[PDB]
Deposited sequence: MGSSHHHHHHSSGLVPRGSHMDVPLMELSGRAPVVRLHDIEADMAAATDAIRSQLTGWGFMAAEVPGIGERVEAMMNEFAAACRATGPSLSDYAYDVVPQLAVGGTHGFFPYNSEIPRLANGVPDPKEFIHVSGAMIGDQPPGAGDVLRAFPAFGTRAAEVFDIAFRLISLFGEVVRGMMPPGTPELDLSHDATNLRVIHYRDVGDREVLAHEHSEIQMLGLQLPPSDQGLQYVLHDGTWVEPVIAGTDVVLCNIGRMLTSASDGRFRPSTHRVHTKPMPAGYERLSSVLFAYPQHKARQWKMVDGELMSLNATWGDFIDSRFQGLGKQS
C-alpha cells in the first residue's frame, strides 16, 4: 500500500489560532474531501500531547492497586439517555465523554483515579472538539443553503484511547483521528485504492466522515472507510449531535425533518 505523506502538505492550524487558521484552510479542506474522501490538518504541538496521553494510558492499563477496570463502563454512572463512557477491558480502550470530563457525578472518578492521563485526555478532548467542530462547519459550507448547523454535542462526544490496536466506517457525524503511536491505519480513495497516511510521530490529524453525516447529507459525502494493518496505541474523537434531537436530511436541496432521533440512528 502506498504511503501518503501529509507533513508539510496539509494546511497548518496552530493551537492558539484554531478558529482563524481553519477559516484560511477551508478551501484546502474542501478539496481534500472532494479528492480524497477524508480531510487532514497539521497541528504543531498536538503530537507531543497525544503521545504523552497515550503513553500514560498505557501505564494506567498495567496499574493494579486502583485498576482501570474499576471504571469499566458497567460500574461507571451513565447518562439516562446517551452513549456509554468508561473503560472497556480486553483491544482495551476507554471512552472519555464530555459528560465524564464534567463529572456527569462519579462519572469523572476514572479521571481523578488517573489524573495524569485524565488531565492530558481533557486537554486533547478540548483541542479535538474545537478542531472537529470547525471541520464540521467546512463540510456544512459544502452542503446546500438551508443546511442546519451540525450542533455537535460536547457531552455526547467522546475521546477513545486504545491500547493494542478490518474495513469499517464510523457511525457518528465526524471522527478526528489523532496521531497514533505506529503506522498502519489505511484509507480507501474514491477510486477504490488504499493509501496509508504518514501520521505516526507527527502533528497531523485526520477528520473522518461518519455514517450520520452521510445520512444527513443524503449520500453527498461517503463515509471515510478505513482499516488497520499492523506489522501500539491510538486515539480518536467521535463527535455526535444530541442523542434526543431529531434527525434531519438534505434531500435534493430541501431540509427534511425525520421522527427518529440521532440516538435511534446508532441502534
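> What are the C-alpha gaps when you align the coordinates back onto the deposited sequence?
Missing from the model are residues 1-22, 113-126, 141, 203-211, 278-284, 321-330.
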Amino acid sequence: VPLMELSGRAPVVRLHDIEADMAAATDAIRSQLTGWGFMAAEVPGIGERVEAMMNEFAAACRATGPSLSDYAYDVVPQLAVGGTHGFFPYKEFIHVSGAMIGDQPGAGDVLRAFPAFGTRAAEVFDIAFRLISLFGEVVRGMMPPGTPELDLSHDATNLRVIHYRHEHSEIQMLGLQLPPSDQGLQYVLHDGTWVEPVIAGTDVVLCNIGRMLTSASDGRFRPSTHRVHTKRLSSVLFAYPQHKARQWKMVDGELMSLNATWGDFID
From here on, numbers count along this sequence of modelled residues.
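> Comparing 110-118 with 142-150, where is the mean C-alpha B-factor higher?
Result: 142-150.
> Mean CA temperature factor from the deposited coordinates, higher in 214-222 or in 55-63?
Mean B over CA atoms: larger for 214-222.
> Could you say whether, by C-alpha temperature factor, residue 186 belongs to the lowest, middle or highest third of its chain?
Answer is middle: the recorded C-alpha B-factor places it there.
> Where does the C-alpha B-factor of residue 135 rank in its chain, lowest, middle or highest third?
Middle third.
> Give the position of residue 241 by CA B-factor within its chain, expressed as the lowest, middle or highest third.
Ranked within chain, residue 241 CA B lands in the highest tercile.
> Could you say whether, by C-alpha temperature factor, residue 104 belongs to the lowest, middle or highest third of its chain?
Its C-alpha B-factor belongs to the lowest third of this chain's values.
> Taking the C-alpha B-factors as the PDB entry records them, is residue 34 in the lowest, middle or highest third of its chain?
Its C-alpha B-factor belongs to the highest third of this chain's values.
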